[PDB]
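Only one chain comes next, encoded as structure tokens, the form deposited in one PDB entry.
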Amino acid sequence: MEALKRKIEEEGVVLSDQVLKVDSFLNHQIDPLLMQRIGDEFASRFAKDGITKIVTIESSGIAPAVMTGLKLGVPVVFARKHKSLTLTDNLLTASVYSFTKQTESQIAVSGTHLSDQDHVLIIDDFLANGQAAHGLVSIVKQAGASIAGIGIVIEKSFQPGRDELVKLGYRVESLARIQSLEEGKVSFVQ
């Protein structure tokens, strides 16, 4: 999206050659209109895939995912952080290593919100090493649901996440693909 690309160029802040900060419009402060466009762009790409539900992870993935679900007319389920001490009957879980925090946590979704008849569209804000995406894929398959694809708002093409993810055979749609972050500048994939 030229709209997303421009937002990144003028508002994004290059933390290092490995991290891009977009707190002004995606990760802390949210630009609703831009989110609507993002959701519409995602819906367009999966319009005829027969998606029945969208799955994301709290909390940055929520806005993009909700707008997408609004356009496609399907519910949105967001995975939540978990680790608690008790018996959670029918709870889909997965271990995810945070790329930005370098810590490991467990994400989860109540089994009751996903069924083997669901054809899911996974959505998330960033794609780096692919940990979060794999985690989501794992949760969806645990419910016996099928996966129509993976929508990413910003993908760092220079990181292994993308290549490792497409190995599974799931269609990966990244709205903005960054080739480099070197020299405090964002260069998109040509």
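In this text, rigid core is short for the largest set of C-alphas that superpose within 1.5 Å between two forms. Only residues modelled in both forms are compared. A residue's number is simply how far along the shown sequence it sits, counting from 1.
Undergrad: Read off the CA B-factors in the entry, average them over 6 to 14 and over 20 to 28, and name the higher stretch.
TA: Averaging CA B-factors over each stretch, the winner is 6 to 14.
Undergrad: Return whichever of 110 to 118 and 78 to 86 has the greater mean Cα B factor according to the PDB record.
TA: Going by the record's values, the stretch with the higher mean is 78 to 86.
Undergrad: Which has the highest CA B-factor per the PDB entry: 51, 136, 67, 152?
TA: Max CA B-factor in the entry, restricted to 51, 136, 67, 152: 51.
Undergrad: Considering only modelled residues of the same chain, in which third does the CA B-factor of residue 35 rank: lowest, middle or highest?
TA: Its C-alpha B-factor belongs to the lowest third of this chain's values.
Undergrad: Among the chain's modelled residues, which third holds the C-alpha B-factor of residue 41?
TA: Middle third - that is where residue 41 ends up once the chain's C-alpha B-factors are sorted.
Undergrad: Would you check the entry's CA temperature factor for residue 55 and let me know if it's in the chain's lowest, middle or highest third?
TA: Lowest third, going by the recorded CA B-factors of the chain.
Undergrad: Per the entry's values, where does residue 144 land by CA temperature factor relative to the rest of its chain, in the lowest, middle or highest third?
TA: Its C-alpha B-factor, which the entry lists for residue 144, ranks in the highest third among residues of this chain.
Undergrad: Using the B-factor values recorded in the entry, state whether the Cα atom of residue 127 falls in the lowest, middle or highest third among the modelled residues of its chain.
TA: Residue 127: CA B-factor falls in the lowest third of its chain.
Omitted here: the form deposited in another entry. The next part is about that form.
Undergrad: Which residue in 95, 117, 88, 112 stands out, with a C-alpha shift of 2 Å or more between this form and the one not shown when both forms are set on the rigid core?
TA: The listed residue whose C-alpha shifts by at least 2 Å is 88.
Undergrad: So the CA-CA distance for residue 100 and residue 29 moves by at least 3 angstroms in the other entry. Closer or farther than here?
TA: They are farther apart; the C-alpha distance rises by 3 Å or more in the other entry.
Undergrad: Work out the direction of the Cα-Cα change for residue 59 and residue 99 in the other entry: closer or farther than in this form? It's 3 angstroms or more.
TA: More distant in the other entry, by 3 Å or more.
Undergrad: Give me the residue ranges between this form and the one not shown where at least 3 consecutive Cα atoms each move 2 Å or more, fitting on the core only.
TA: After superposition, residues 16 to 18, 82 to 89, 97 to 104 shift as runs.
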